[PDB]
Amino acid sequence: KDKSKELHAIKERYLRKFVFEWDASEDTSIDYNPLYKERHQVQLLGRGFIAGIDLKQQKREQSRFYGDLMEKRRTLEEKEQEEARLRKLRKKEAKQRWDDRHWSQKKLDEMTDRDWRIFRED
Amino acid sequence: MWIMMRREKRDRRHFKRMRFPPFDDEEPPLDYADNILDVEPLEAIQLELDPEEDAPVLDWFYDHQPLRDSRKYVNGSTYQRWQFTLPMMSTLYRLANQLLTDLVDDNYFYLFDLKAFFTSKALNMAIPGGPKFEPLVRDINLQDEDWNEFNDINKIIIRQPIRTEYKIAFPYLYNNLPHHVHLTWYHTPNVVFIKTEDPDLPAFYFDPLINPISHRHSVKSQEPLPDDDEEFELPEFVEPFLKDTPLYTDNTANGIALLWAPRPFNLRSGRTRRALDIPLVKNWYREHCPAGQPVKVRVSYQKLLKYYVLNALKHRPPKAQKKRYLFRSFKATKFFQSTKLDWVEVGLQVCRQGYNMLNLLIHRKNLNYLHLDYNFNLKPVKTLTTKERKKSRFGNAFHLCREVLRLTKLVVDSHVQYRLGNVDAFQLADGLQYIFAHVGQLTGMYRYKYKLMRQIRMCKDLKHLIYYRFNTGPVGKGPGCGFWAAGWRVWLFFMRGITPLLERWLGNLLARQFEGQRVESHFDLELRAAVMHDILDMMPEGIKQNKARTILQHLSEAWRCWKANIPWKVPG
Amino acid sequence: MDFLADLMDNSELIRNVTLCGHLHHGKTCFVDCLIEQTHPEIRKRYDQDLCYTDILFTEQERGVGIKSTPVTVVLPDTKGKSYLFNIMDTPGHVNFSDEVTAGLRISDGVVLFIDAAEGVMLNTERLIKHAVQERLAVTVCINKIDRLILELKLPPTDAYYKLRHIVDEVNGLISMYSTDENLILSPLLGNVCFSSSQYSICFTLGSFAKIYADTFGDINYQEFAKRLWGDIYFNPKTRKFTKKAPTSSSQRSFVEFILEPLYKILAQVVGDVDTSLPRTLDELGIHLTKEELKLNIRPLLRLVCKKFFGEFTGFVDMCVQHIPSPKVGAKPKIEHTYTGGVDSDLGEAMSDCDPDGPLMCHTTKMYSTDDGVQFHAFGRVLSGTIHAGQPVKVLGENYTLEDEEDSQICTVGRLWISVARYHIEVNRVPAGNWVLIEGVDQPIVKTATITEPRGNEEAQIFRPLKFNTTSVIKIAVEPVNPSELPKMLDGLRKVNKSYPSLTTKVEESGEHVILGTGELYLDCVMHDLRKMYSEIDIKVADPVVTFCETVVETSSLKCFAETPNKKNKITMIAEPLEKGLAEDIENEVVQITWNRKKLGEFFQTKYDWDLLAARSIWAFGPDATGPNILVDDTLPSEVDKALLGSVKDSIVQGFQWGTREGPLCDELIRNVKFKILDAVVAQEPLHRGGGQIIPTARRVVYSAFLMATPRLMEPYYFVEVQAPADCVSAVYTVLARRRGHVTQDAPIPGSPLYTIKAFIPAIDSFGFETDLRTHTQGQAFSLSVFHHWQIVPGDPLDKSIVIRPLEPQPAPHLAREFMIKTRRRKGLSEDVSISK
RNA sequence: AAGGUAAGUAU
RNA sequence: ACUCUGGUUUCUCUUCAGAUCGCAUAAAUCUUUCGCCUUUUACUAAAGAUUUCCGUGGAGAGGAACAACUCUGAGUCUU
Ligand SMILES: O=P(O)(O)O[C@H]1[C@@H](OP(=O)(O)O)[C@@H](OP(=O)(O)O)[C@@H](OP(=O)(O)O)[C@@H](OP(=O)(O)O)[C@H]1OP(=O)(O)O
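Chains as they are written, first to last, in full-length UniProt numbering: chain A, 241 to 255, 270 to 376; chain B, 147 to 662, 675 to 730; chain C, 116 to 951.
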């Protein structure tokens, strides 16, 4: 199918009602070239992230190429510092998740005002 | 706010979206003397700033017009020309990492920048991720040229098809007639910036990302160096220039990372902007659409890019003016007074005043069979007869004013509901976002202005840009997103344009004095009038007025004699 | 102002340098810094760069240097000796390498700009090789030092390691091209300078030692600079420089005294403006006003580095010491450039660079005016002075002492000394300078020699400009309205005058083909043609590459051709050449003008040709250094050698013409050796005329080449890409898609970027740069240069192969297709007429 | 938003 | 190491605006090309020229906070 798409592109080159929605036919991001369809997203050295999208999900969608490169090039001494930083950040985020958890994981006596109003609003 | 709202949507699995309209149609607007004045507000959306890291900005981060009275950072009460220090700029830059893409150079915008889109519009094609436009010049006859010996396909070697991007990267080489075309920046050098991931590490560090230099000793590097430690000796007062100064402070890494920062965060000082003039999500659709996204959000991306390109292209420098200021000449006259009021109180006052004005306009001809409720819905008080239905007609301008006052009433009522305590601050933000994303559904003001649809389709588009950035992680779809800046500014930009129309329609309506195929039937009538006026002016008509009509008769017959192709020679 | 004019008389106080380097390495920004230093009223804006030499509208929009720009300015030295510098700001893009050569011929010195982060790149290697070929002095400037500090955040020891690796790699590159040992580089020798033109930093070891000696006093800045690089350490216990580290972690002299203060000043400026910057500026003696501390980080850093470092005296002293003046640097230039050699009387006079000698200019550039209707020649005066409004004799590339046809007398109008944006009108320009000559544009096409009329009649021309790479991209250009055909031709003429490597040729069918090096080069050429020269609508055909023709087998039968006089018979055979021999001819390793005894010894040694057979070599084709060799192998007892030598010249011209116009698709012929096996020449002198032999020689060449197995040759470009380590796989995928194979993928030492070097078909390289940058989302960038001709797969004479229009043919169908369409583009017949 | 007013006598 | 050097903020008025007035972006009218066409009032969407509107900079002027000392450079700046 896609092989005939290239030839069709070559041939084509040479030879009342209110619509709140935008029609899907208006889409321009349609390509036959595999290079222009599955583009290589910017890794940003494994330390940059696209705006808006949450960092936690972006970390698990990473290509892991730079993570493997770091764990390969790093010596033991500099590996320990990164391991300690990762452990500290993991513990901080674990504490944050423990404090910010659903009311199903808390007893009635230990409920806070925010969790109380969350339960009431349900 | 973006960080906080995703926290209050991820945890709040079921979100109570506000009910619109907040108040009943017949309920009069709430008085600001027994309902909101005495009640205390609920908590607002405010992130818990860390006392250790976010110390420079902790004191004033959530204050209205921060640091206005600090003469060191802001010029004064006029709130212009902020001067900031590097620690605060770096702290602010970290608190905005969610809204900023970590792009170091504009090589990302290779053929996806403004010049490339101008080229594509001029050349009638379109970048895949870019917008589509009506052709600059039709040239349909010249679009399909004949099978010349020059463009002969039998003489053309095809290896890789010439894409739209190729005809944009080198516009003057790949297509004929490259008119009104723009040349894009070829290649900014790859800014190889390596941002630190741990503060507990020297600012100047050989990061593992750098490929090791690996100074080779295979060839013994030989260079002319004099006989060691025998002839040259430094004086005792000679030391490296800055030996007391440390190599790096705590702010060295953050100061370096501030250099490779987006436009607002790479400045030490600057000028104060309006909240309207700050597009927070402008760079979200300026970049490429994230992969793995549905069709509608992609089309939203191309349409937002289309509107951005059209604005940037059809832009003319502002015209010189004498700077006459409104709200300055009001208080010059003895008709206006100045005070300070809570914004909710002013909103209620303006809603009531707009209701009074629309009520005055409705009972213009002493017709009392049209009733305007407090939600700004116009309905007959009874089954009105056909003559009365005709007699109670208002133009599109009146209904447009009614619908804009309805939108203001919706906004003020949402804020009033928040102030009373009915809805949360997060609920208020989500309600404002819904109001500004669904103005067509809420008010239906597009029926009286179809061009307004351009705003409406944009407000939905922005939603697709925001929602799919918002509901991305553990947070799923739901009525919890409250990033209402984009729709709010869009409707303000509509407002600045529509204000003159409503102002001139009103001022010429409720004033004491009212004011209200000609191309082809133009020159003949004007010519006859001019000739007759000249002849009658030179005529000594004190005795020969009765010839005047006769004169026109000649002006007919001669014309007829020309139209009949017959001789015309009056002897007398 | 007047001192600048009075400084031209002394040829010793003039330096003719050209700033060459890879694309976007800071040459233009460095010239901007020099201009700002010399011109008080010219300062860059805080956000936008200055780009003083980027005068074209294309340059200010593309952001890439297109044309070389002359900048004549007076620069103080370290001591204060105000020298006169003629800087040629050359484009860094490889496609415009020819634009460098135009500025490289009239320059006595080369300043190689190297990015600190990127290091040595493709165009850098090409430029050092080429400059060494023209026997020019080479000095290196590592620009963008701040990228090691503000971008990589390397430790000062690692920054020194990166700088040492950069300098040592150029030393290992010059050794591959220069036999002279004086071409070595070292910052302590004064050869290597360090700079960051974005922040106006410019220091050598001598300049920074001079700053130290000004700060503390009683220091020999020359002796101090002699110990400010390498493994030499500083011991403060003895206050002495020791080859062994005084302590365990003693930093080197360069790291401790040079890189450490620069790192600390940049760190204070970019991180501690409010806290420690005033203190460190009082420590450094720099006083900045309250408003000058209100500027953003980058303008403040540029200002503070302007105050601390002051003038660009390190660049000046490097150029003065290691780049010869025209007076002393004329002799190698005359030897390598003048056709008559240094032994000639005119050559001997020009070797002295006498301002009172006979006039001898050498125009290498041609700059258009505002309206584009008049061109100003630009060249170096080598002997005598040129006066405004003076009749002179303008030669041409085809002029010889025997043929005064190519020389036209023209009156020199106003003369300008050209400095980027503006030009200062002058009356006379003494020898050793650069001059914009007005009024001599008409006889000049590409390169000409200007001398005086009615005197110095024994004046040959300078050698024609020799370019680094061959131009193979070909585009056919027609007017949209045929009624406007002459204007396009007129415009064509103008671009031929404005681009040194441009080649405009009218074909048999009437198509006008333009030859260029790459996509950007031809894009700029068409922009110039459409917008300023022709000002008419233009139709451009799809880009195509030029092909060559070769053989892979010996001709099956002896091919004979007889003249229309029916008295002369030539029987010839065709054989392919050995590997590298054609390249040796192209590289001018061996010339036909060599002494014949050693000329045969070359082929007897490196290729083991028979001494008698090697001595039988007649000439090379189609040019003097063309890759085709014509060898005689007639039986001595069967053909009279003396009689055969009578028509030897005619056979040589026939061979050259036949090799220049191939039979397959009317293209060049490469890597073919034609052996003359039988000659039967009419004994009468008038029956062996050239008008009959030359067409017959071409016919027999065609027959022998056709009987030998023909093959088409397509150009292969050498592409190096610098991309993040993650993007290597994407580059591999793109290259594999475009019939290209990767030869190497090496990490750049001192930077995460990897450089991937590959070979791609030239006809498959159209859009390859766009494909790579778009697929990698701009992270990968490529520069393409022609590398070598390679046999395209498939039999080109296969008549059975059917070609489908609008389909990319498979590999075995390429060689055939590449012929037929090319023939259709030339107006030739449908197939190769072997019987013809 | 409209192009959807029956007109006529009588107070 | 010295004497004089006279502020900054803010409220108004009058003008000039090249410059991203604006690191943001509306509306109206007119003229052409279109898409709906069925009549204006609304429109489809590109272009050109205008007008209005939301804002802006510079300069000058007039009041107020300011209360002024002195910042600051000018210099003989002093051992
Ligand atoms: O799926 P759709 O029917 O297209 O609904 C989408 C979208 O929902 P999806 O996320 O499922 O695309 C939004 O809802 P969320 O699920 O993102 O919360 C949004 O809803 P709100 O703006 O009201 O939150 C709005 O739905 P609607 O406007 O119908 O309520 C929008 O509709 P469109 O994409 O069709 O404009």
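Every residue, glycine too, gets a C-beta built ideally from N, C-alpha and C.
Coil, strand or helix - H902/C by DSSP: strand
Beta-carbon contacts of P271/C that lie in its chain and below 6 Å, excluding the five residues immediately before and after: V370, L374, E375, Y378
Any 3 or more C-beta pairs closer than 8 Å across the stretch 222-233 of chain C and the stretch 424-442 of chain C: yes
DSSP three-state assignment for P463/B, whether helix, strand or coil: coil
Entirely enclosed alpha helix (DSSP H) segments - the stretch 609-659 of chain B, minimum 4 residues: 631-653
Per-residue burial, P620/B [other beta carbons within 10 Å of its own, 16 or more giving buried]: exposed
Test item: CB-CB of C148/C and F423/C under 8 Å: no
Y394/B beta carbon less than 8 Å from that of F352/B: no
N617/B: CB within 7 Å of a non-hydrogen atom of ligand 3: Questions concerning ligand 3 fall outside what the structure shown contains, since the ligands it does hold are ligand 1.
Coil, strand or helix - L504/B by DSSP: helix
Proximal residues to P729/B (C-beta, below 7 Å), its chain only, five neighbours per side dropped: none
Opening and closing residue of the alpha helix (DSSP H) in which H890/C lies: 883-890
Spatial distance of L246/B from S212/C (CA atoms): 40 Å
Three or more C-beta pairs below 8 Å linking the stretch 842-853 of chain C and the stretch 678-686 of chain C: no
Contact residues within the stretch 337-353 of chain C, judged by C-beta distance below 9 Å to chain B: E338, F339, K341, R342, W344, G345, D346, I347, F349, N350, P351, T353
9 Å Cβ cut-off: residues of chain A touching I304/B: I250, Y254
Residues sharing a beta bridge with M203/C, DSSP: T133/C, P185/C
Of the listed residues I875/C, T632/C, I916/C, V488/C, nearest to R305/B (C-alpha basis): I875/C
Nearest-angstrom Cα separation, counted from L300/C out to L371/B: 13 Å
Exposure of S950/C, with buried meaning 16 or more beta-carbon neighbours within 10 Å: exposed
Of the listed residues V550/C, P545/C, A546/C, nearest to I539/C (C-alpha basis): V550/C
Cutoff 8 Å: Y847/C Cβ touching any chain B Cβ: no
Identified DSSP bridge partners for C780/C: In DSSP, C780/C forms no bridge with anything.
Member of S915/C, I552/C, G942/C whose CA lies at the smallest distance from the CA of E623/C: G942/C
Element boundaries [beta strand (DSSP E), containing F373/A]: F373/A -> not in any beta strand (DSSP E); alpha helix (DSSP H) instead, spanning 367-375.
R328/A versus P354/B - alpha carbon distance: 6 Å
Cβ contact check for the stretch 450-464 of chain B and the stretch 266-284 of chain B: 3 or more pairs under 8 Å: yes
Proximity winner among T937/C, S948/C, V947/C, relative to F296/B (alpha-carbon distances): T937/C
Within-8 Å CB hit, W430/B to chain A: yes
Per-residue DSSP class, three states only, for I651/C: coil
Whole-angstrom C-beta distance between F316/B and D638/C, which should lie under 8 Å: 4 Å
Euclidean distance between Cα positions of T353/C and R417/B: 55 Å
Proximity test, Cβ basis, 8 Å: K155/B and chain A: no
DSSP bridge partner residues for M481/C (one or two, in chain order): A492/C
Interface positions of the stretch 370-394 of chain B facing chain C (Cβ-Cβ less than 9 Å), listed along the chain: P370, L371, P372, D374, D375, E376, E377, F378, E379, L380, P381, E382, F383, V384, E385, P386, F387, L388, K389, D390, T391, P392, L393, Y394
Validate contact between the stretch 223-241 of chain B and the stretch 286-298 of chain A using beta carbons, cut 8 Å, 3 pairs: no
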